[PDB]
Every structure is written in structure tokens, then in C-alpha cells.
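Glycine gets a Cβ as well: all are built from the backbone with ideal geometry, and neighbour counts include every protein chain shown. Each answer follows from the model by the rule given with it, or from the source it names; nothing here is a laboratory result.
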Amino acid sequence: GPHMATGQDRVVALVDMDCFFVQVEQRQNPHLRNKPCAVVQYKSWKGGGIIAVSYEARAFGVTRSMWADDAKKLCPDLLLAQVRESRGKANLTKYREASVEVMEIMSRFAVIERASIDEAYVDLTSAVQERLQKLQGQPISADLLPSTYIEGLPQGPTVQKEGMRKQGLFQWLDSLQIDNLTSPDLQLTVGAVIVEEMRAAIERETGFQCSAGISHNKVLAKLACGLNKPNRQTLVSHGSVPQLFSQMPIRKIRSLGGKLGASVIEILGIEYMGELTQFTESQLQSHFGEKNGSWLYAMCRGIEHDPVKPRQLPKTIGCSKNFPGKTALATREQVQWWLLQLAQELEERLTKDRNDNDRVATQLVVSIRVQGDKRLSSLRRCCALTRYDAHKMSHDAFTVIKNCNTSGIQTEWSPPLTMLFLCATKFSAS
DNA sequence: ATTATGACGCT
DNA sequence: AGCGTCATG
Ligand SMILES: [Mn+2]
Ligand SMILES: [Mn+2]
Ligand SMILES: [Mn+2]
């Protein structure tokens, strides 16, 4: 009744760059613009592995994780850009620097949570209160929302996509209570006005397009962002959740796409998010644990409390490389040379980080994989990180892993190593 | 041989 | 602390 919390207290946006690494390469090389194109790392094995795909190329069925040679079978005119190689490994610096460009623009509008290289959440609650007070009670014009979709609309009693978008928006704005500074639908609408502004600033000042979702929490914002890509934004209201979730596969919700979501489906015998509403909180907690159970109980009703953390910088800085199959490292000389390559990239990135961001990492995590181990990581050990020196870091990592060589021969390495990873963690202000 | 990361939960 | 899970540019 009057005391149930509906989870409509916040306005939260998720901004996600469209096919980000492709756009970075297309800005640099105008010959790639408005073409089917993709970004690859390496080249010798099956033409390299695709990690990003332009929307033109997605129309041919090109996806991430495809080998470029197979993608060329689907799309013979596919254009390819390769990630830079430094010290024998992929080097993602260009895309990290482009990410910082975008994140710095977003930070002008509100504090953001960097969620990945290409995406950030925005807590717009306060910016919305301010813009509302500025607007007094002036209605919101459709012209302020030129790329916005309202999920669920139009409905009730033209065959073009843009025409449908405008119809849905008109129904939404016609139903608005613009006289109530506390109406959640109004607050989301003003949030969407602000996100149109943020996205226009990003495009004007970087050349990069993005999509976005606007809702009352992070999971709904992320889901909304996905609904109308590319170069569009979507408002998911509290009221739109029952219909949206009634046919939503559970795996589409962030954190339910792996084993936990499979167990929800199998144990409860359901397929769609909305079906979760029929279980009690205690029932869900009995199957999935206290935390997951309470989260699922609120989430299937559109309610989630995870805050937008004030964090625009990555918490860890890491360097990793796989050595698959016949290229696994089988001598100490090899292991030490590759630890040095990784350590040198880490030193470069860490020194830049210290100059830009006034912090220093204090812990070094060393991770390896051995041949014949299914797990991603086979051993993960930490050591102190007291100096930004690649030779010291590689010697320290070798010291923490050298007891892994089950070879009686001290020159050989067995079983051979199929992955090396160096990660700097536990930052302190300096 | 589906690679390079990066956040977070569990014990 | 070390491991597992979820996410994917
Ligand atoms: Mn993206
Ligand atoms: Mn993303
Ligand atoms: Mn993606």
C-alpha cells in the first residue's frame, strides 16, 4: 500500500559507446567510416580474432570472437583494423586513451562510475532536480528528445522506424505530470533530456557516437541502453517493467547470463524475468542464497539499490598474454623473457598512471595457466610492489612462480605455460 | 587457438 | 589471501 518502496528514488543512466574500438579506428582512418569493418588482434592464426564489429558488418553476421578468415566468408568486403603490437603482445593504449576522453566529458555533467573501457553509469538525480527547478513547470518538448525511445510505446488504438519513435514519444509526453517535481516519470524524462545533451557533447567533442539507457537503477539503465542501438537512447519507466519482463529471458539481465541464471531457470522451471514475481523472498533466498534471493525478489519488480560508485578510474592495471598450443613457454629463458615483456608494458602504464592520477600501486598479482588445466587461471600469487621497475617486477614474479616448474631439469619448464598475467593493485594516494 | 582485460563475491 | 564467476572491447 502506501509504504511499499517502489525503487523510483534515483535517476540513473548508462552510456555505452557504439562498437567502440571500431569507432576509434574509423576516426583515425576516414577510409573505414560507414563501411563494414571490424577490429582484430593478431593475424597469423585464422586472420586474427575479432573483438569489435561495425553495425554495417553485423548485418552480414560478423560478431566478436569470430576469426577474421571466417568473418570474410560472411562478408568478403569486410575491412579490418589491427590492434597495435608492442613487445610481442597486443597493446590497447589507443582505446584506453580514447576512453579517458569520453569519461572526462561525461564527468562534467555528473559523477560517473566507469563500468568498462567503453561504458559508464551516471547518477542524474541531483542534475534532474536542478533542471526541473530551472524549468519551473514548463512542459518538455519533443524537440528536446530527438533520439529518445520510450520503451513500451506506442500502444493502444505509419510504417517507418522514426515515425514509431515519435509516436511513442508523443504518447509519453502527452501523459506527463509536468506540475509535480516529485513524479518519477517526469524525473526520468528530464534525465533523458540531460543524456541527450551528454551524448551530443560526446559526439561533438570526440566524433564518437553512443547509445544510452535512462531508468531508476543500474540494471534497468543497462538493459534500456541495449534496446535501441546504435546512436539512440531508451527510457525504461517503472511502469514499463511488467510488460518488458513478461517476455525477457532471464539471461538478459546483468549477472544472470551464466551459471546462476541457468540454475534459476532449471530449479524454478521458468524462462522469463517476470515469472520470478510468483516466488516469495524466502523462497528465492532458499535456492540462491540470502543476497541473490533478496536481489532477485526486488529485481523482478524493477527495483535494485546498487549505487553508482564515484570511480572514473580503473582499480587495477593489468597485462596478460596467452600462449596457446604449440607456443606454450617451455624454457626458463622463455618464461623470463615474456615476464619481462609484460613487466615493461606494466611499468609504462603504471608510470603514466602515477603522473596523471596521483596514486601508486602497492601489490603485484602474478597469474599463470599450465597446459592441461581447464581453468582460466591455474595459480594466482601476490608479492609487494615497491618500485615501478620492470626488471624488479619480472624477477619478483619469477620468484613467486618458479616453484611451479615440476621439471627436474632446471632449464626446462614443465608443464609448459599457456598464460602469463601481471596485475598491479591496491592503489594509494600519492 | 575465443584474447585481453577488469569488477566483484566467496571462504 | 587465493579462487571462482560474470562481463566483452
Ligand atoms: Mn559499446
Ligand atoms: Mn560496453
Ligand atoms: Mn559489445
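The table below lists the values:
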quantity: Number of positions in the stretch A:112-126 that are crowded, with 20+ Cβ neighbours inside 10 Å and more than 16 Å from DNA strand B (Cβ to nearest atom); calculated: 1
quantity: Single residue of A:263, A:240 found to be among the polar types (S, T, N, Q) and either crowded, with 18+ Cβ neighbours inside 10 Å or assigned by CATH to the domain that holds residue A:149 (or both); calculated: A:240
quantity: Single condition residue A:55 does not satisfy, out of (1) surrounded by 13 or more Cβ atoms within 10 Å (Cβ to Cβ); (2) touching a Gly at 6+ places or on another chain (Cβ under 8 Å); calculated: (2)
quantity: Yes/no for residue A:406 being hydroxyl-bearing (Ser, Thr, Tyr) and over 31 Å from the mean Cα position of the chain (by Cα); calculated: yes
quantity: Pair list, Cβ < 8 Å and 6+ apart or interchain, from the stretch A:323-351 residues that are more than 22 Å from residue A:363 (Cβ to Cβ) to residues that are of a type in the set (D, E, K, R); calculated: A:330/A:412; A:331/A:412; A:332/A:412
quantity: The stretch A:16-63 - residue that is farther than 19 Å from residue A:230 by Cα and in a loop (DSSP other than H, G, I, E, B) and, of those, farthest from DNA strand B (Cβ to nearest atom); calculated: A:29
quantity: Subset tally (residues that are over 30 Å from residue A:240 (Cβ atoms), exposed (fewer than 15 other Cβ atoms within 10 Å of the Cβ) and under 15 Å from the mean Cα position of the chain (by Cα)) for the stretch A:303-327; calculated: 2
quantity: Residue match in the stretch A:210-230 (condition: away from ligand 3 (no atom under 16 Å from the Cβ) and surrounded by fewer than 20 Cβ atoms within 10 Å (Cβ to Cβ)); calculated: no
quantity: Residue check, residue A:193 touching a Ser or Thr at 6+ places or on another chain (Cβ under 8 Å), among the aliphatic types (A, V, I, L, M) and either surrounded by 19 or more Cβ atoms within 10 Å (Cβ to Cβ) or not in a loop (DSSP other than H, G, I, E, B) (or both); calculated: no
quantity: Answer from A:110, A:59, A:98 - the residue that is of a type in the set (A, V, I, L, M), within 24 Å of residue A:209 (Cα to Cα) and within 12 Å of DNA strand C (Cβ to nearest atom); calculated: A:98
